[PDB]
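Novice: Chains as they are written, first to last, in the deposited numbering: chain C, 24 to 329; chain B, 24 to 329; chain A, 24 to 329.
I have a structure I would like to understand better, so I am pasting it below and will then ask my questions one at a time.
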Amino acid sequence: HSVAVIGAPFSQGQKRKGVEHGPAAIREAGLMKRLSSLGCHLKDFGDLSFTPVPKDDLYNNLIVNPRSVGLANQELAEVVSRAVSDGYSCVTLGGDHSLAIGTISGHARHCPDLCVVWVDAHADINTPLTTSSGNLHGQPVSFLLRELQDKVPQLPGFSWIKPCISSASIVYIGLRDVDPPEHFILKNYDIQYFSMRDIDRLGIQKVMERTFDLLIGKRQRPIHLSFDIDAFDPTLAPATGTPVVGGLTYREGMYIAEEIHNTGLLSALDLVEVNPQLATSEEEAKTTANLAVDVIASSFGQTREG
Amino acid sequence: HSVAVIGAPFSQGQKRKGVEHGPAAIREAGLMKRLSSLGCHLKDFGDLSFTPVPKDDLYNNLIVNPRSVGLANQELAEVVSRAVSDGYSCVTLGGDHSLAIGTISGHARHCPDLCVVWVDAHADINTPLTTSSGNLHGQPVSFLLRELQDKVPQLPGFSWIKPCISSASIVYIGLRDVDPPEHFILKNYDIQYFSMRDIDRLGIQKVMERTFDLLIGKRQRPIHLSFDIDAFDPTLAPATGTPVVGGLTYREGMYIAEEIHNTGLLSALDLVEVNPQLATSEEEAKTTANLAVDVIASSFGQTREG
Amino acid sequence: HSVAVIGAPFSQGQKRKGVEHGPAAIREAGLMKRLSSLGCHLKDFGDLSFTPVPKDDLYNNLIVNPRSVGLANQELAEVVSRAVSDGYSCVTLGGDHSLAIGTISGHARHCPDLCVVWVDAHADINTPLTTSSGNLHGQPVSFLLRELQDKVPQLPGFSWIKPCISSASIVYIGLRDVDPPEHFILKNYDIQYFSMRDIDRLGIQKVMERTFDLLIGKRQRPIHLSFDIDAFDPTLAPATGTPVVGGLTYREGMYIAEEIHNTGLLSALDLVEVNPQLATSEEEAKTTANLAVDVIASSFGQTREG
Ligand SMILES: N[C@@]1(C(=O)O)CN(C[C@@H]2CCCCN2)C[C@@H]1CCC[B-](O)(O)O
Ligand SMILES: N[C@@]1(C(=O)O)CN(C[C@@H]2CCCCN2)C[C@@H]1CCC[B-](O)(O)O
Ligand SMILES: N[C@@]1(C(=O)O)CN(C[C@@H]2CCCCN2)C[C@@H]1CCC[B-](O)(O)O
Ligand SMILES: [Mn+2]
Ligand SMILES: [Mn+2]
Ligand SMILES: [Mn+2]
Ligand SMILES: [Mn+2]
Ligand SMILES: [Mn+2]
Ligand SMILES: [Mn+2]
Numbered sequence: 024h025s026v027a028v029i030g031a032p033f034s035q036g037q038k039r040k041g042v043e044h045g046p047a048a049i050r051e052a053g054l055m056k057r058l059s060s061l062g063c064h065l066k067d068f069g070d071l072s073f074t075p076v077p078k079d080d081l082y083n084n085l086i087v088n089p090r091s092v093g094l095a096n097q098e099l100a101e102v103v104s105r106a107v108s109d110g111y112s113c114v115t116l117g118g119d120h121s122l123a124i125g126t127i128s129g130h131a132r133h134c135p136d137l138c139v140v141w142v143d144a145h146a147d148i149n150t151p152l153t154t155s156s157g158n159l160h161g162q163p164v165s166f167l168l169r170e171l172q173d174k175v176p177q178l179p180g181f182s183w184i185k186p187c188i189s190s191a192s193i194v195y196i197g198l199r200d201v202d203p204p205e206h207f208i209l210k211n212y213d214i215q216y217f218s219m220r221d222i223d224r225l226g227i228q229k230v231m232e233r234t235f236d237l238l239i240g241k242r243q244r245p246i247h248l249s250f251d252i253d254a255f256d257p258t259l260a261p262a263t264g265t266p267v268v269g270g271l272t273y274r275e276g277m278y279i280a281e282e283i284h285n286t287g288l289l290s291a292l293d294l295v296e297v298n299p300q301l302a303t304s305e306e307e308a309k310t311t312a313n314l315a316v317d318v319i320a321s322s323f324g325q326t327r328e329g
Numbered sequence: 024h025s026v027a028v029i030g031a032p033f034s035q036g037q038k039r040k041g042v043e044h045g046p047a048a049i050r051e052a053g054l055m056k057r058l059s060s061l062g063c064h065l066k067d068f069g070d071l072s073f074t075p076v077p078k079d080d081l082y083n084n085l086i087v088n089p090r091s092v093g094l095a096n097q098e099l100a101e102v103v104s105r106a107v108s109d110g111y112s113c114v115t116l117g118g119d120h121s122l123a124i125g126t127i128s129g130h131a132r133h134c135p136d137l138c139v140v141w142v143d144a145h146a147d148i149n150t151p152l153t154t155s156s157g158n159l160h161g162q163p164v165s166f167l168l169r170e171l172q173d174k175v176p177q178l179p180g181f182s183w184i185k186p187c188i189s190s191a192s193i194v195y196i197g198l199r200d201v202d203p204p205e206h207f208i209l210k211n212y213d214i215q216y217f218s219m220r221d222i223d224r225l226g227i228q229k230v231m232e233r234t235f236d237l238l239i240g241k242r243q244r245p246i247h248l249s250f251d252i253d254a255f256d257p258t259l260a261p262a263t264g265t266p267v268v269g270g271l272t273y274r275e276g277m278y279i280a281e282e283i284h285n286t287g288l289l290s291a292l293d294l295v296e297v298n299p300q301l302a303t304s305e306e307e308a309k310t311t312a313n314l315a316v317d318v319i320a321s322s323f324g325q326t327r328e329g
Numbered sequence: 024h025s026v027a028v029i030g031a032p033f034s035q036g037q038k039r040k041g042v043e044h045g046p047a048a049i050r051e052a053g054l055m056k057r058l059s060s061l062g063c064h065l066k067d068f069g070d071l072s073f074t075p076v077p078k079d080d081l082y083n084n085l086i087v088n089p090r091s092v093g094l095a096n097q098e099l100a101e102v103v104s105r106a107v108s109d110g111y112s113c114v115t116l117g118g119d120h121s122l123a124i125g126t127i128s129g130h131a132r133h134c135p136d137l138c139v140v141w142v143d144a145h146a147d148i149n150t151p152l153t154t155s156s157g158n159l160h161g162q163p164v165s166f167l168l169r170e171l172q173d174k175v176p177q178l179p180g181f182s183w184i185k186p187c188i189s190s191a192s193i194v195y196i197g198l199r200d201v202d203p204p205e206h207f208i209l210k211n212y213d214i215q216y217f218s219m220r221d222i223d224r225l226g227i228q229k230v231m232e233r234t235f236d237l238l239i240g241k242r243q244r245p246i247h248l249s250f251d252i253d254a255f256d257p258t259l260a261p262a263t264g265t266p267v268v269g270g271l272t273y274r275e276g277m278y279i280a281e282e283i284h285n286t287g288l289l290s291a292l293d294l295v296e297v298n299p300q301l302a303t304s305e306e307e308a309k310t311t312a313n314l315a316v317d318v319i320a321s322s323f324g325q326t327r328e329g
């Protein structure tokens, strides 16, 4: 099996410095050797250098770096599309979660029936009209869902984007910090999610069983796993931009990834929002990067029983 | 929906200095803004000043500060009774857990059919004849339960207390540090409880289901939630006087509070035993205070999915 | 009603210094008083001094200290056999896990129909032909299981060992760091195990139920509990030689011990691999030793509900 690794050192989906160093931190934590050890044939695309945009002024005096985020995601989408074309499962290292616009667009280009597992403390589904931060890393899903497009105005640099996913084709796992307009969107478009509360009730084994019944119970589909490291409790993943108490345990995160691998359908994976600069110690930065590597490795077959 | 907040800075139910600063620490952690944000209309009664009793000698050369605990609880009960009659759900901030004598007596004064959910590492059900510490914060339930009163002698300053509640009307959640005479009492009077072991077996969802079926399965009753911060594992709630390893997780504490809110019946809440002076660091004190606010907020409707 | 305590301060099953101070550390954390309070009549054999072997060269240029480990276990087996013969449940404090060769051989010498519950992050079932470390604490099970013996060469100092326990008579709980040859052995011999993943799926209550169904579902048998402290998550048991992320919680460990007690069949217990020199602080050392005392005390009747 063949896996392409793409560093996407992007930070302009939000305002905190340092998430552009996530890809190097994850690499420094041993990613490539771990993937090789599993039998993965590897193509390293390196870290992309995204084309800047001069005078990328706020959109509507709120939305930050719109043209830079639109253009970086267009370029990323091109690399993901071509790698998925050439037979690779695509691992994209971030970088902030606005990059999911690019990886899911590029993925869907060649696999239009793909489904999405979004593992995250946050829903990332604000629109340009509901965001209260202006940060695109909290809006990427709104640009991707067919059913929402009449409520998403067109941003400078975003005209290449055509939503390719139905709201029935994404499931969230781990929600615990949702804005009211996001909650409204989830309920109003009947988007399925398992919050931390649902995990407390069902247990992660049932959560995964129901996730796959919703997504692939009728038919096999390529799976896009978009994993925000802040889905994990901050005690485990402290080096990240928007930590929220009461997250996944280590064991729960491994279990999610093991179940992803067990479908045999994993086609692309994002590992986003590792920001080593927000660690208060080198150890905090390395434990976060090591946890990122554990997620990716388990998603491609690393087991706890050997 | 109206919420009264009462500071009860009492420490004479036990011997460790500093729990009288519990109410200020909780207020400082942002309680009042959190309750407003949920839509609660608030009346802050401030921090009560309890009348001292001169020459409050030990009772039976063992029980410490009996008259002061008795009189402070008499005064607290009056405030609680008044706030309930004016339509407020009553939040009392402690302070050591002997204040539940006052809040439950005042609550039961005009709601004699109330039920009690007692969240705690301890049963607090020693009598003056079984306590080996002499600390009234470890005896409050013995004064409240009608079936026990033939076995509870009359302490100086306690004559105003009339046990209003049946032993079928209290459920414990989180027990893990129980004296042999307390275990006898729980068994002998058939008092229902879910120890940490029961949570390990059943899961917190079923624990709450069985709690409400036992208490409100046949009729709606105002709920008194007496929440001792030491129900949480000491890694989460270190700033407290009697910590015991193996406690509730954060998620379990939130889930309890969420289910309390979901009944619609919460009528009074005690948040006791936060002692900021027992934290070894400012960060330990503040995480303990912040956890207290999360419990209260979740008990009045804060959710994890927005 | 009677418990023997044997200190086995052995370190030559592995290469890290200090695990020979496990027994003293566990005793200093209050083991004997805790056992007495449960009503255990106690015989303390102290710490054994094992006979050295001159010129104990590597076996096959790989296996370290073979004769010293063999002889020390022969001597330990003799002490365990006598204690079990005289009516004592035998508690052996390690020391590295190669001592289970001695404690299980000595136990079986008096109770041949014993069964084994092996709580560990590791399977410890490498043979001299599969070990990649050469450390005998990672091989003890291979010397004990009847079905494996054609694949186990005879080591100098090991000829006294009579391996008559069946592979159907051991169950593992907690596995998460298993070598590929150990995985092959476990599958090829149909040895039953509950990995951390199984615990994630089933919950520790069902794990224990199924463990006892496999071992004592048809008849009562004396139970040998061999408990490697590194089964627990490293955050709870840091002072140990091979820590592995994602282990048992405190509550899961207590629950295992409680169910061991509840069978009424506990006949011997090993508490191994506490190495206080690997703690980065005195706090980490004492937390690990206190956890070891909790495991042993719970295995002999300490409950969380009193
Ligand atoms: N919804 C947000 C947005 O900016 O839209 C607001 N903020 C959450 C929090 C909610 C209430 C307290 C103040 N802020 C983060 C989130 C983006 C997460 C992006 B990611 O990729 O890490 O998930
Ligand atoms: N049972 C106690 C009492 O004093 O009666 C004794 N002590 C428990 C513990 C038992 C093991 C040996 C050391 N002591 C705490 C408890 C009071 C807790 C009051 B609270 O409001 O925090 O719950
Ligand atoms: N299988 C081992 C052996 O030495 O045989 C290899 N080693 C850990 C090794 C490190 C990284 C690669 C995979 N695992 C520990 C185990 C022995 C544990 C003995 B015990 O009593 O602590 O359980
Ligand atoms: Mn995200
Ligand atoms: Mn997030
Ligand atoms: Mn209490
Ligand atoms: Mn308590
Ligand atoms: Mn081990
Ligand atoms: Mn071991």
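From the three backbone atoms N, C-alpha and C, an ideal C-beta is built for every residue, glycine too.
Please confirm whether any heavy atom of ligand 7 lies closer than 6 Å to the CB of residue 100 of chain B.
Specialist: No, since every heavy atom of ligand 7 falls outside the 6 Å radius drawn around the Cβ of residue 100 of chain B.
Novice: Are the beta-carbon atoms belonging to residue 251 of chain A and residue 295 of chain A less than 7 Å from one another?
Specialist: Their beta carbons are under 7 Å apart, which means residue 251 of chain A touches residue 295 of chain A by this criterion.
Novice: Do the CB positions of residue 223 of chain A and residue 274 of chain C come within less than 7 Å of each other?
Specialist: Yes.
Novice: Scan the segment 255-303 of chain C and note each continuous alpha helix (DSSP H) run of 4 residues or more that stays entirely inside, going in chain order.
Specialist: Segments of the alpha helix (DSSP H) lying fully in the segment 255-303 of chain C: 273-286.
Novice: Can you confirm whether residue 224 of chain C, when its beta carbon is compared against all beta carbons of chain B, has any partner nearer than 7 Å?
Specialist: Closer than 7 Å: yes.
Novice: Would you mind working out which of A/63, A/38, A/183, A/37 sits nearest residue 9 of chain A, comparing C-alpha positions?
Specialist: Because chain A in this structure spans residues 24 to 329, residue 9 of chain A falls outside the shown range and cannot be described.
Novice: Anything with a beta carbon under 7 Å from a heavy atom of ligand 9 counts; list them all in chain order.
Specialist: Listed by chain position, these are A/120, A/143, A/145, A/147, A/160, A/251, A/253, A/295, A/296.
Novice: Please list, in chain order, all residues of the same chain as residue 131 of chain C whose beta carbon is under 7 Å from its beta carbon, the five residues on each side excluded.
Specialist: Only 137, 187, 188 meet the Cβ criterion.
Novice: If contact is defined by three or more beta carbon pairs under 8 Å, each pair taking one atom from either stretch, is the segment 278-285 of chain C in contact with the segment 281-289 of chain B?
Specialist: Flag = no, the segment 281-289 of chain B and the segment 278-285 of chain C do not touch.
Novice: What residue range is occupied by the uninterrupted beta strand (DSSP E) comprising residue 66 of chain B?
Specialist: Its beta strand (DSSP E) spans residues 64-70.
Novice: Please state if the CB of residue 159 of chain B and the CB of residue 121 of chain B are separated by a distance shorter than 7 Å.
Specialist: Contact: yes.
Novice: In chain B, which residues lie less than 7 Å from residue 203 of chain C when you measure between Cβ atoms?
Specialist: The contacting residues are 329.
Novice: Less than 7 Å separating the beta-carbons of residue 31 of chain B and residue 117 of chain B?
Specialist: The answer is yes: Cβ separation under 7 Å.
Novice: Which of the three DSSP states, helix, strand or coil, is assigned to residue 121 of chain C?
Specialist: Note: residue 121 of chain C maps to helix in three-state DSSP.
Novice: Closer than 8 Å by beta-carbon distance: list the chain B residues that pair up with residue 24 of chain C, in chain order.
Specialist: Here the premise fails: no neighbours, minimum Cβ distance about 36 Å.
Novice: Between which two residues does the beta strand (DSSP E) carrying residue 221 of chain C extend?
Specialist: Element bounds for residue 221 of chain C: not the beta strand (DSSP E) but the alpha helix (DSSP H), 219-225.
Novice: Since residue 140 of chain A meets chain C, which of its residues come closer than 9 Å, beta carbon to beta carbon?
Specialist: Under the 9 Å cutoff, chain C gives no residues; its nearest Cβ is about 18 Å from residue 140 of chain A.
Novice: Hey, quick one: how far does the beta strand (DSSP E) through residue 250 of chain A stretch, first residue to last?
Specialist: Here the beta strand (DSSP E) through residue 250 of chain A covers 246-251.
Novice: When DSSP labels each residue in this structure, what does residue 127 of chain A get in the three-state scheme?
Specialist: Three-state result, residue 127 of chain A: helix.
Novice: Does the beta carbon of residue 154 of chain B fall short of 6 Å from some heavy atom of ligand 2?
Specialist: Indeed, a heavy atom of ligand 2 lies less than 6 Å from the Cβ.
Novice: Among B/55, B/192, B/52, B/43, which one has its Cα closest to the Cα of residue 95 of chain B?
Specialist: Considering only alpha carbons, the answer is B/43.
Novice: Contact criterion: CB-CB distance below 7 Å. Does residue 155 of chain B meet it with respect to chain A?
Specialist: No, residue 155 of chain B lies away from the interface with chain A (no Cβ there is under 7 Å from its Cβ).
Novice: Does any C-beta atom of chain A lie closer than 7 Å to the C-beta of residue 228 of chain C?
Specialist: So yes, residue 228 of chain C belongs to the interface.
Novice: Based on Cα-Cα distance, which residue from C/40, C/191, C/291, C/77 lies nearest to residue 110 of chain C?
Specialist: Among C/40, C/191, C/291, C/77, the Cα nearest to that of residue 110 of chain C is on C/291.
Novice: Closest by CA to residue 77 of chain C, which one among C/88, C/235, C/270?
Specialist: For residue 77 of chain C, the nearest C-alpha among the options comes from C/88.
Novice: Quick one: give me the first and last residue of the beta strand (DSSP E) that residue 197 of chain B is part of.
Specialist: First-last of the beta strand (DSSP E) with residue 197 of chain B: 193-198.
Novice: CB of residue 234 of chain A to nearest heavy atom of ligand 3: below 6 Å?
Specialist: No, the Cβ of residue 234 of chain A stays beyond 6 Å of every heavy atom of ligand 3.
Novice: Under DSSP, the alpha helix (DSSP H) around residue 319 of chain B begins and ends at which residues?
Specialist: Unbroken alpha helix (DSSP H) run through residue 319 of chain B: 305-322.
Novice: Does the segment 321-328 of chain C come into contact with the segment 95-108 of chain B, if we say contact requires no fewer than three beta-carbon pairs (one atom in each stretch) closer than 8 Å?
Specialist: In short, these stretches do not touch, since the Cβ pair count stays below three.
Novice: Would you mind listing the alpha helix (DSSP H) stretches within the segment 136-215 of chain A that are 4+ residues and don't spill past its ends, in chain order?
Specialist: The segment 136-215 of chain A contains these whole alpha helix (DSSP H) runs: 203-211.
Novice: Using a beta-carbon distance below 7 Å, is residue 269 of chain A in contact with chain C?
Specialist: Closer than 7 Å: yes.
Novice: According to the Cβ coordinates, are residue 144 of chain C and residue 267 of chain C closer than 7 Å?
Specialist: Yes.
Novice: Thinking C-beta only, is residue 257 of chain C closer than 7 Å to residue 329 of chain B?
Specialist: No, they are not a contact pair.
Novice: By how many angstroms is the C-alpha of residue 24 of chain C removed from the C-alpha of residue 320 of chain C?
Specialist: If you take the alpha carbons of residue 320 of chain C and residue 24 of chain C, they lie about 14 Å apart.
Novice: Can you give the Cα-Cα distance for residue 201 of chain B and residue 166 of chain B, rounded to whole angstroms?
Specialist: Their backbone Cα atoms lie some 18 Å apart in a straight line.
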